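Trainee: Once you've had a glance at the structure underneath, I'll fire off some questions.
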Amino acid sequence: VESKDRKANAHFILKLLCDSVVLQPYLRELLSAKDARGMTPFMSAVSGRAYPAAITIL
Amino acid sequence: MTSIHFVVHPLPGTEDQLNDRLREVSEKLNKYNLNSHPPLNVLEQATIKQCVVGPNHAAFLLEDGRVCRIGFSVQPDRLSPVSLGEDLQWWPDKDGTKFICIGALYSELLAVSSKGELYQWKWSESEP
Amino acid sequence: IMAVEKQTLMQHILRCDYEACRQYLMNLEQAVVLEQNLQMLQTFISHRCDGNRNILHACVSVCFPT
């Protein structure tokens with residue numbers, strides 16, 4: 001609900017998707033797929049000011 | 001599975017209002033995630049092939065040769081607040097109608113059979 | 001009228017449900033231990049959003065500065 005709580009939950013979810021041992025073989029494609037703007041998740045993170053998200057993704 | 005949701009948009013206008021209404025329904029799907037109306041609740045657990053919206057009714061088709069229909073009621077003072085009909089009217093199945101395609105017309109719904117039979121029943125009445 | 005789809009983790013991420021996301025991951029990994037949820041997971045991972053956005057795109061897009 002709160003902005004700080006929302007950001008904390010988002011960071012927790014990103015870390016959860018990072019440390020999911022189940023999705024290891026698919027992450028290689030999950031972080032390599034492109035959106036409609038022709039960019040990876042990392043590029044979208046860095047353009048949308050999601051700088052901590054970009055660091056964790058990298 | 002799926003969730004049934006409707007939107008209303010004044011006919012003369014640009015596309016920005018439609019896009020804004022779609023954004024509102026998206027936010028409700030995300031910020032609110034309100035449940036769908038009970039009459040279509042059953043059709044939540046069934047697939048859909050094609051849907052048709054008539055002058056006052058709307059018919060929805062399952063992939064298993066089954067159809068359903070329902071009207072609505074829209075409040076203009078308050079302007080999914082639109083509330084559909086109380087009981088969803090079905091299409092009784094006899095000798096394997098096996099619907100494939102449908103069609104929307106002002107005075108009646110149109111349905112197809114596997115062999116091809118232009119079944120139709122008026123919106124006003126309740127008999128094929 | 002519309003019938004919006006139902007992709008559970010997509011909704012959880014786009015709504016930022018940390019508890020629900022963790023529960024979904026736990027159930028998925030338990031089922032993978034059961035070895036009966038490999039193909040279904042492979043099909044599910046390709047559940048998308050508007051604009052060919054995979055789950056990670058939703059994750060980052062629900063993380064933009066307020």
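Trainee: On a straight-distance basis, which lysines could pair with B:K28 in a cross-link, Cα separation under 24 angstrom, same-chain partners fewer than 8 positions away excluded?
Mentor: Cα-Cα hits under 24 Å: A:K4, A:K7, C:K6.
Trainee: For chain A, what relative contact order do you get, as a whole percent, if you take Cα pairs closer than 8 Å and at least 6 residues apart?
Mentor: Once normalised by length, the contact order is 22 percent.
Trainee: Straight-line reach from B:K115: which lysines have a Cα under 25 Å away, not including same-chain ones fewer than 8 places off?
Mentor: Hits, sequence-local ones excluded: B:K49, B:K94, B:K98.
Trainee: A further question on this structure: For the protein assembly as shown, would you read off the P(r) tail past 23 Å as a percentage of all alpha carbon pairs?
Mentor: 62
Trainee: Looking at the stretch B:1-126 from every direction and averaging, what is the projected area of its Cα convex hull in nm²?
Mentor: Computed as one quarter of the Cα hull surface, the answer is 9.1 nm².
Trainee: Which value, in Å to one decimal place, does the Kirkwood hydrodynamic radius take for the stretch B:65-111 when every pair of different Cα atoms is included?
Mentor: Roughly 13.1 Å, rounded to one decimal.
Trainee: Moving to a separate point now. Based on the alpha-carbon set only, what is the convex hull volume of chain C divided per residue, in Å³?
Mentor: 113
Trainee: What is the ratio of the Cα radius of gyration of chain A to 2.2 N^0.38 Å, where N is its residue count, to two decimals?
Mentor: Output field value: 1.19.
Trainee: Also, I was wondering about something else. Can you give the mean number of other chain Cβ atoms that lie within 10 Å of the Cβ atoms in peptide C:43-53?
Mentor: Mean number of neighbouring Cβ atoms from other chains: 3.
Trainee: Sticking with this one: Just to confirm a number: summing +1 for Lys and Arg and -1 for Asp and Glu over residues other than C:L25 whose beta-carbon lies under 15 angstrom from that of C:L25, what do you get?
Mentor: Taking every Cβ under 15 Å from that of C:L25, the sum is -2.
Trainee: Can you tell me which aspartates and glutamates have their Cα less than 19 Å from the Cα of B:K122? Leave out same-chain residues fewer than eight positions away.
Mentor: Answer for B:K122, where 19 Å is the Cα cut-off: B:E86, B:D87, B:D93, B:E108, listed by chain and number.
Trainee: For peptide B:30-41, what's the mean number of Cβ atoms from other chains within 10 Å of each residue's Cβ?
Mentor: Whole-number average of other-chain Cβ neighbours for B:30-41 is 1.
The numbers here are math on the coordinates, done by the rules we state, and not lab data. Reconstructed Cβ throughout: ideal geometry from the backbone, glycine too, with neighbour counts over all protein chains shown.
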